[PDB]
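Asks: The data below comprise the sequence and an experimental structure of the protein.
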Amino acid sequence: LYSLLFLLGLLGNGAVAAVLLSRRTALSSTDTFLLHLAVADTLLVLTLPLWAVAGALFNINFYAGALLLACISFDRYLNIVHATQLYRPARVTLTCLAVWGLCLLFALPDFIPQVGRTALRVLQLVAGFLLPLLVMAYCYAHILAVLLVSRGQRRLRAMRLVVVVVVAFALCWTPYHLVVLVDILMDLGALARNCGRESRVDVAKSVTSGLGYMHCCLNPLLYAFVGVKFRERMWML
C-alpha cells in the first residue's frame, strides 16, 4: 500500500506542477503558492522508498507544507474579507523565499545534542503545526462568516470546501504532533519511560508519518482539482 501512495503522490503532484508551470503569463498569488506546495510535496513523496540527507530534506518539506498552506489561507482571507480595500497580479515571491528560508534555518541541524534536539522539537511544535493551525482557523472562520452574509449559489459550496480542508488538515496532522508532544513531555520529566510504551510510540511515529504522507498525496485533490480555474487549464493542456 505504501508503494501505491508513492506513485499516486508523484503522479498527482506532477500534474499540478506541470499545469501551473505551463502558463504563458503571470500567475496569481494563490497560483504561485500552490506551485510551491506541489514542489514541496513532490520532494517528500520521493523519500517514501527510503523511509518506508534524507531526514534533512524531510523536515524542510514538512514545514513547507503547513506554512504554505498557512500562506494560502491568509491570502484567501485578504481577498474575501477585505475585498473592498484590496481591489486591483501582486508578486509574492518574497514570502515564498521566507517560508522556504525559515525551513533552512531549522534544517541546518539535520545536516549537522540532547538540548539541541530538544530545542529542535520545541520549535517544530511551536511554529510548525500550532501557529499555522491557529492562522488557518482564524482566517477560514472569518471567510465563512463573510460568505454567510454573501449572496449567490457558490457560497454554500465554498463553505463546504473550506470546512473539508480545515478538517482534513487537522485530522491528518494532529496525530503526529500529539505523539511528538507526548515524547517531549516524557523527556522533560513529566512522564515515565517503559520498554513497551517506547516501541508503541515509535510505531505511532510511523503511523502518523504515513498519515502525513497521505495528506501530502491528497493536497492536489483538495486545493487544485476542486477549483474551476485549475480544471479549465487541465482541459486545455
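Replies: Nice, I can see it. Numbering: from 1, shown residues only.
Asks: what's the neighbour count on residue 233?
Replies: 16 (other C-beta atoms under 10 Å). (C-beta placed from N, C-alpha, C; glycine too.)
Asks: Could you grab the helix/strand/coil label for residue 24?
Replies: Judged by DSSP: H, G, I helix; E, B strand; the rest coil, the three-state class of residue 24 is coil.
Asks: For it, give its distance to residue 234.
Replies: Applying C-beta to C-beta, to the nearest Å, one obtains 16 Å for the distance of residue 24 from residue 234.
Asks: Same drill for these two, tell me which one is more crowded.
Replies: Counted by other C-beta under 10 Å, residue 24 and residue 234 do not tie: residue 234 has more neighbours, with 14 against 4.
Asks: Hmm, residue 15 and the more buried one touching each other?
Replies: Yes - taking C-beta atoms under 8 Å as the definition, residue 234 is a contact partner of residue 15 at 7.3 Å.
Asks: how about residue 168, what does it touch?
Replies: For residue 168, the contacting residues are 215, 218, 222, by C-beta atoms under 8 Å, 6 or more residues apart in numbering.
Asks: Let me have these in JSON lines, extended by secondary structure, neighbour count and distance to residue 229.
Replies: Rendered in JSON lines, the data for the contacts of residue 168 read as follows (DSSP: H, G, I helix; E, B strand; the rest coil; neighbours: other C-beta atoms under 10 Å; distance: C-beta to C-beta, whole Å):
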{"residue": "215", "secondary structure": "helix", "neighbour count": "20", "distance to residue 229": "23"}
{"residue": "218", "secondary structure": "helix", "neighbour count": "17", "distance to residue 229": "20"}
{"residue": "222", "secondary structure": "helix", "neighbour count": "15", "distance to residue 229": "15"}
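Asks: what about residue 130, how many residues close to it?
Replies: Look at residue 130: counted by other C-beta under 10 Å, it has 14 neighbours.
Asks: er, residue 103 actually
Replies: The tally of other residues near residue 103 (other C-beta under 10 Å) stands at 21.
Asks: Name the nearest residue to it, ignoring sequence neighbours.
Replies: The shortest distance from residue 103 to any residue that is not its chain neighbour, by C-beta to C-beta, 6 or more residues apart in numbering, is 4.3 Å, and that residue is residue 60.
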